[PDB]
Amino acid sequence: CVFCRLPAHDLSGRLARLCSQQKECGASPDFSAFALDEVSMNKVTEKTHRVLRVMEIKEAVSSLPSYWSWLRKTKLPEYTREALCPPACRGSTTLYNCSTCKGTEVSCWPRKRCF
C-alpha cells in the first residue's frame, strides 16, 4: 500500500540502496488483498518512510520482513476499518487498490460492524 502515494519519498530506491549495503532483501511484498482510502494510504506511506529512515541511519534491514508482516496482519486491517467507519466515512469513500493504485467508490460500513 506504500507505493501509490507520496512518490517523492522514493521508498523503492531507498530500499534498493539500503540493500546495496549483509543478508538478502525481499522488496516488495504483495499487498493486492488491500485497498485503502486516501488518508490511510498517506498515513501508511509516511509511517513506512519513517521506519525506513531509522533503518537507513543504522544500515540495518533485518527487521524489514517483520514490518511487512505486521502491515499485512495487523496494521492494514486497522486502516481498512478506519476508512469505512465514522468519523472518517460518510455515505461512501474511494478505496485505492494497494497493488494497482486504482480507485473504487464503496459505501461506508454500518455502525453495527464498526462498533
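Sequential numbering from 1, following the sequence displayed.
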query = In this entry, is the chain continuous from residue 21 to residue 22, or are deposited residues missing in between (none, 1 to 3, 4 to 9, 10 or more)?
reply = 4 to 9
task = Select between 85-93 and 51-59 the stretch whose C-alpha atoms have the higher average B-factor in the entry.
result = 85-93
inquiry  = Tell me which stretch has the larger mean Cα B-factor in this entry, 73-81 or 27-35.
reply    = 27-35
ask   = Relative to the other modelled residues in the chain, which third contains the C-alpha temperature factor of residue 98: lowest, middle or highest?
value = lowest
